[PDB]
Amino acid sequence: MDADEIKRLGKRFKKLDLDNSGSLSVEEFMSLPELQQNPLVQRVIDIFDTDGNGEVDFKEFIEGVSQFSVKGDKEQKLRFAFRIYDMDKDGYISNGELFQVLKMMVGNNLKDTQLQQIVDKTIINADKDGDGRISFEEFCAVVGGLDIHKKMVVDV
């Protein structure tokens, strides 16, 4: 990041840190009205929270935001999208977490039975090495050509 960008992120971090604890809690993120309606907010917070303590410190915050820099690469953006699904952070999308993340996104536009069936079929058709889970490589083989990385950029 640029100097002026590093300065703007500090100011913004402090404004979100309602209790001036030096770390951002889920409640503090959820104080933003636009985020209350977004079903992936907890997933993004969890990815930023690389030390697993439940909150986003400033270092976690800058590292998180830099994934969405215009200077980032396809692999980096696609890796972030992968991590949205990979709840348990082992590097493989498994059946249970794929259902849970999709259910977050679709809510009641699908019944649990219909969603579980299409999750099963994607696990089966996209798993190439038989370990029953989707690696980042297996993931990119499916979606890498959709160019969603082009849309995952923010101005800091």
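Heads up: residue numbers just count along the shown sequence, starting at 1. Take the two forms, find the largest set of C-alpha atoms that superpose within 1.5 Å, and that set is the rigid core.
Engineer: Out of 105-113 and 57-65, which shows the greater rigid core-aligned C-alpha deviation in 8 other deposited structures of this protein?
Structural biologist: Larger mean C-alpha displacement, comparing 105-113 and 57-65 in 8 other deposited structures of this protein, is found in 105-113.
Engineer: Between 141-149 and 20-28, which has the larger average Cα B-factor in the PDB entry?
Structural biologist: The recorded data point to 141-149.
Engineer: When the Cα temperature factors in the entry are averaged, is it 122-130 or 31-39 that ends up higher?
Structural biologist: Result of the comparison: 31-39.
Engineer: Could you say which of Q100, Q67, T113, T50 has its CA atom at the highest B factor, as listed in the PDB entry?
Structural biologist: Answer for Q100, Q67, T113, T50: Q67, with the highest C-alpha B-factor.
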